[PDB]
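[1] Here's my sequence, what's the structure:
(chains A, B, C, D, E and F, ligands or ions: 38)
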Amino acid sequence: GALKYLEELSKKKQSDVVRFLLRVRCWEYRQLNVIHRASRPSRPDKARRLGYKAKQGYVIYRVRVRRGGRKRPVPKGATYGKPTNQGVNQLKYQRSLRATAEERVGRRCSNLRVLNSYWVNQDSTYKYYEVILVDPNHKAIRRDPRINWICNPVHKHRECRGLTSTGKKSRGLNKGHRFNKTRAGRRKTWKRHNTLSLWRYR
Amino acid sequence: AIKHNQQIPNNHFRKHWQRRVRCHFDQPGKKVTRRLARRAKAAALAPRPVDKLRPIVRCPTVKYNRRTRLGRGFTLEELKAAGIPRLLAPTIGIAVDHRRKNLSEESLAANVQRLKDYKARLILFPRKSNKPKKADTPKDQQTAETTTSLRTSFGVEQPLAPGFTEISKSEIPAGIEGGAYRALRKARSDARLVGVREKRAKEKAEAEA
Amino acid sequence: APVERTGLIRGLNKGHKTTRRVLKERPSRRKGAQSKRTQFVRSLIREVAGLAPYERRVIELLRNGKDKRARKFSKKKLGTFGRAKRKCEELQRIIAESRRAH
Amino acid sequence: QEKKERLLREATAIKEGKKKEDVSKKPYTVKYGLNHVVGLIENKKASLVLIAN
RNA sequence: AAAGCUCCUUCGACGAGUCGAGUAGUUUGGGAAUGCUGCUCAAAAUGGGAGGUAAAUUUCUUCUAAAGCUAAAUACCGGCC
RNA sequence: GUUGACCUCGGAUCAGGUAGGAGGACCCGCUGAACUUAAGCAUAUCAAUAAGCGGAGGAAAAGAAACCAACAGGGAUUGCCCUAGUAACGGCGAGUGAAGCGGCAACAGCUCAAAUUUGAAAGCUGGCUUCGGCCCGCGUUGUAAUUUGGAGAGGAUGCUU
Ligand SMILES: [K+]
Ligand SMILES: [K+]
Ligand SMILES: [K+]
Ligand SMILES: [K+]
Ligand SMILES: [K+]
Ligand SMILES: [K+]
Ligand SMILES: [K+]
Ligand SMILES: [K+]
Ligand SMILES: [K+]
Ligand SMILES: [K+]
Ligand SMILES: [K+]
Ligand SMILES: [K+]
Ligand SMILES: [Mg+2]
Ligand SMILES: [Mg+2]
Ligand SMILES: [Mg+2]
Ligand SMILES: [Mg+2]
Ligand SMILES: [Mg+2]
Ligand SMILES: [Mg+2]
Ligand SMILES: [Mg+2]
Ligand SMILES: [Mg+2]
Ligand SMILES: [Mg+2]
Ligand SMILES: [Mg+2]
Ligand SMILES: [Mg+2]
Ligand SMILES: [Mg+2]
Ligand SMILES: [Mg+2]
Ligand SMILES: [Mg+2]
Ligand SMILES: [Mg+2]
Ligand SMILES: [Mg+2]
Ligand SMILES: [Mg+2]
Ligand SMILES: [Mg+2]
Ligand SMILES: [Mg+2]
Ligand SMILES: [Mg+2]
Ligand SMILES: [Mg+2]
Ligand SMILES: [Mg+2]
Ligand SMILES: [Mg+2]
Ligand SMILES: [Mg+2]
Ligand SMILES: [Mg+2]
Ligand SMILES: [Mg+2]
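    Numbers count the residues shown, from 1 in each chain, chains lettered A, B, ... in the order given. Ligands and ions are numbered 1, 2, ... in the order given. The coordinates are given below.
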């Protein structure tokens, strides 16, 4: 096959052939709208690895985000509290930039289900992503047991809750001693450790 | 404040604890609900037992490694030794675990015998009653007294080793050469000095030539 | 059958005696091995793509004789001492092959 | 349309009694498909390759 | 036509601006830094992660990340009884 | 020159569809205090709580190991009892604080990417239809069958389903 070579070549982001392609494409985008549709994936190997198929009901969108930190929005710089939380500048957002891209694409196409997303480009001001979506009302989708699990009503707006690959990472859903506090849900676990249980025959 | 001779108190009641208090007034009610579900489940599995066959396994720390209990499922090597295909096993009431390994001969032998005891007591009804197959019970043995627990009929017969036995005098063994206490001190001392002695021998041999 | 335990706690190969056995390796334990396909592809991609900017800098230090500099530079780029050492060996192999073929 | 005609001829032969490979001969065509052709190159079966620009 | 079992010389593809490293903020019982996120650097093929005191050298153990689905035991008197 | 393709981007009260609001006791995330305690007070505490914002169901979420361990080894996920007011954190002040093992309730396993069907895209949406199919379209920049590490592929071999 040919997608094996593409996977190897995509690792050499600092080579001459790849640096040229990234520079040219990053200019082509940023001349288009902030959110727009793509006719086909620009990374055929990466999208197929994440679940993309070439049949009716799969669509691709492209989006760019502002690529920085998060400034605390308050009138001027007053916080009206104690000195330990009066910082305004060097604070950070607890979700990823990749997550924000998925949420904004989901609102534009509100009849579709978000599957995954990947990185295509970046520069000093923006990062660029491509998002994969599936039509849950198309007949060719409801016919296939490998994908029709997404037509059920428990998967409405997965990206708004953290049920995509990037959402799982930020929640901390891994096994072992390092992920003690978040393994099964941070707020659920805190409630269990703070409950006073009284039995009948104490 | 404190005023007399007391134990220093530490009562963790400085949050809004009254928002999270779980009483159990439904303890008898939940017990009735569980028994109804077990009775319904047993009726659905009409002649079959209500459980699965488990293997015997030993606990993992220096505390508790003297005892045995039931595990999750049989290994792939145990199933092959008994002669049971891995696809057939979970459809006749046997549990399977694909990530446990046999590091010894003791555990392997114990579980292999357990499987062939079960295979001897099994009754297989044919898929179609008018066309029985040569691997099915020939229906003259289909009538017998059965069990429906599999956790009492195939439990842990003895989890601990016998605590007392008797031997004839003059057959008692002789001790270790210097005594049991001295043997323990020597074994500890050797471990603390293994690195020092190896380095000393190495530099001596290198300086020899 | 690596070794047989002594039979007492608190020793050098302490523990309860047991007849150990050797196992055939699980297919999960093959992860790091090489294969004919993955060697062929990686060879062709390196020829097409070429080198990276930090790689060229190390190549010049190595063939210029400096070695503490090349190692100290690679660690700053890659991050750890173990990865830096493996990279310098690979680039040294490229240097040798290039000036030996022709 | 050609394939449907060929399958009809083969089905008739089976019904008559003969098997296939008695009515249809070995085909010769041009190969295509990116993954299909890359494999033919590596196994050294291709004679000439034409690449779109 | 399709399916299971017993043996074997040889083969045996395995997820990248990802892991990892530095630095800033927040958080955790986690202490030369437990998790998350921003910026800079940026991999490999018996390779890679972990092995609760920072570092170099030599061994050992245990799994196989960066794609995905799935009932029961658990919570709740808001809704209808 | 004429004519015919392909790629990208548009129009239409074109044929057929789909989302918003309510509810929010319980569930999944983001954002975020001060009163109070320390007999004063800034790190700390109250609290990873109240208020604010987005998204679901009868349950949700989690889930079939890049786990625990250091043993004669256990073996997906969740909940109760115990571990334990313990290891540890802390103007080491006031205060805070888990996990492995052990018994039980309930038990269930799986599918993709990375391989040439190449002796035959074997796959699918839509329209019309005696009902048997026909027609355009999607798709080779890859739709079916086959394989998922517990393996498997390729060879032997002769029983069984
Ligand atoms: K405030
Ligand atoms: K602070
Ligand atoms: K404070
Ligand atoms: K960081
Ligand atoms: K290792
Ligand atoms: K360590
Ligand atoms: K159009
Ligand atoms: K209530
Ligand atoms: K609110
Ligand atoms: K204990
Ligand atoms: K076709
Ligand atoms: K397929
Ligand atoms: Mg299309
Ligand atoms: Mg899930
Ligand atoms: Mg996971
Ligand atoms: Mg009771
Ligand atoms: Mg390995
Ligand atoms: Mg993997
Ligand atoms: Mg915060
Ligand atoms: Mg930190
Ligand atoms: Mg219309
Ligand atoms: Mg709404
Ligand atoms: Mg109060
Ligand atoms: Mg005060
Ligand atoms: Mg006061
Ligand atoms: Mg005051
Ligand atoms: Mg609130
Ligand atoms: Mg509803
Ligand atoms: Mg329930
Ligand atoms: Mg669910
Ligand atoms: Mg697995
Ligand atoms: Mg083990
Ligand atoms: Mg478990
Ligand atoms: Mg006690
Ligand atoms: Mg306590
Ligand atoms: Mg706290
Ligand atoms: Mg098969
Ligand atoms: Mg075979």
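
[2] can I assume residue B:33 sits in a helix?
    Yes. Assessed by DSSP: H, G, I helix; E, B strand; the rest coil, residue B:33 belongs to a helix.

[3] ok, so what distance separates the residue of chain D found nearest ligand 17 from residue A:123?
    Going by Cβ to the ion, ligand 17 is nearest to residue D:42 of chain D, at 27.8 Å. Just so you know, the C-beta spots here come from the backbone N, C-alpha and C atoms, and that holds for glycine as well. According to Cβ to Cβ, to the nearest Å, residue D:42 and residue A:123 sit 38 Å apart.

[4] Looking at the two, which one has more neighbours?
    residue A:123 (15 against 12; other Cβ atoms under 10 Å in any protein chain shown).

[5] check contacts around the more buried one.
    With contact taken as Cβ atoms under 8 Å, 6 or more residues apart in numbering or on different chains, residue A:123 is in contact with A:26, A:30.

[6] can you do 10 Å?
    Under the criterion of Cβ atoms under 10 Å, 6 or more residues apart in numbering or on different chains, the neighbours of residue A:123 are A:22-23, A:26-27, A:29-30, A:64, A:67.

[7] Could I get the residues you listed in CSV, plus columns for secondary structure?
    Converted to CSV, these look like this (three-state DSSP):
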residue, secondary structure
A:22, helix
A:23, helix
A:26, helix
A:27, helix
A:29, coil
A:30, coil
A:64, strand
A:67, coil
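
[8] And the residues you listed, which is closest to RNA strand F?
    Taking Cβ to the nearest atom of the strand as the measure, RNA strand F sits nearest to residue A:29 out of the contacts of residue A:123, at 11.3 Å.

[9] how many other residues sit next to the closest one?
    Counted with other Cβ under 10 Å, residue A:29 comes out at 20.

[10] What of residue A:2?
    For residue A:2, the count of nearby residues is 14 (other Cβ under 10 Å).

[11] That one and ligand 3, how far apart?
    Distance, residue A:2 to ligand 3, by Cβ to the ion, to the nearest Å: 60 Å.

[12] what sits against that residue?
    If you count contacts by Cβ under 10 Å, 6+ apart, residue A:2 has them with A:44-45, D:33-39.

[13] switch to 6 Å and redo it
    With contacts defined as Cβ atoms under 6 Å, 6 or more residues apart in numbering or on different chains, the neighbours of residue A:2 are D:34-35, D:38.

[14] Also residue A:7?
    Counting by Cβ under 6 Å, 6+ apart, residue A:7 touches residue A:45.

[15] what helix or strand is it on?
    In the assignment (DSSP states H and E), residue A:7 maps to helix A:3-9.

[16] I'd like to know how many residues surround the closest residue to the residue of chain D closest to ligand 17 other than its chain neighbours.
    Once flanking residues are discounted, residue D:42 sits nearest to residue C:40: 7.9 Å by Cβ to Cβ, 6 or more residues apart in numbering or on different chains. Number of residues near residue C:40 (other Cβ under 10 Å) recorded here: 12.

[17] wait, isn't residue A:140 in contact with residue A:53?
    No. Using Cβ atoms under 6 Å, residue A:140 is not in contact with residue A:53, being 9.9 Å away.

[18] Compare neighbour counts for these two and give me the winner.
    residue A:53 (16 against 13).

[19] any chance you could map the helices in chain A?
    Ranges of helices in chain A, per DSSP state H, are A:3-9, A:16-28, A:44-49, A:97-108, A:139-142, A:165-171, A:186-193.

[20] ditto for chain D
    So, for chain D - with DSSP H - the helices run D:2-16, D:34-42.

[21] Pull out the buried residues from the last one.
    Of all the residues in helix D:34-42, those buried under the rule 16 or more other Cβ atoms under 10 Å in any protein chain shown are D:37-38.

[22] Check whether it comes near RNA strand E.
    No. When contact is scored as Cβ under 7 Å from any atom of the strand, no part of helix D:34-42 falls within range of RNA strand E; the minimum is 11.3 Å.

[23] What of the longest one?
    No. Using Cβ under 7 Å from any atom of the strand, we find that helix D:2-16 stays clear of RNA strand E, coming within 12.5 Å at best.

[24] any idea how far that helix is from the chain center?
    Remark: helix D:2-16 is offset 16 Å from the chain centroid, using Cα atoms, centre = their mean, to the nearest Å.

[25] For it, which helices and strands make contact with it?
    Applying 3 or more Cβ pairs under 6 Å, 6 or more residues apart in numbering or on different chains; DSSP states H and E, one finds that helix D:2-16 makes contact with no other helix or strand.

[26] Residues of chain C that sit close to ligand 17?
    Proximity of chain C to ligand 17 (Cβ under 5 Å from the ion) is limited to residues C:31-32.

[27] try 6 Å this time
    Contact residues (Cβ under 6 Å from the ion) of chain C with ligand 17: C:29, C:31-32.

[28] What's opposite residue B:68 in the beta bridge?
    Beta bridges link residue B:68 to residue B:58, judged by DSSP bridges.

[29] so it sits right up against residue B:55, yeah?
    No. With contact defined as Cβ under 6 Å, residue B:68 does not reach residue B:55; the gap is 10.2 Å.

[30] ok, which stretches of chain C are helices?
    Per DSSP H, chain C carries helices over the ranges C:36-49, C:53-63, C:68-78, C:81-101.

[31] what does the first one rub up against?
    For helix C:36-49, the surrounding residues in contact (Cβ under 6 Å, 6+ apart) are A:4, A:8-9, A:12, A:15.

[32] Just want the residue of chain A that's nearest ligand 17.
    Ligand 17 sits closest to residue A:176 of chain A, with a gap of 19.2 Å, by Cβ to the ion.

[33] give me phi/psi at that residue?
    Dihedral pair for residue A:176: phi 120, psi -170, per degrees, to the nearest 10.

[34] burial measure for residue C:51, as a count.
    17.

[35] Kindly report the residues of chain A close to chain B.
    Contact residues, chain A versus chain B (Cβ under 6 Å from any Cβ of the partner chain): A:194-199.

[36] In contact with residue B:68, which residues?
    When contacts are counted by Cβ under 6 Å, 6+ apart, residue B:68 touches B:56, B:58, B:159.
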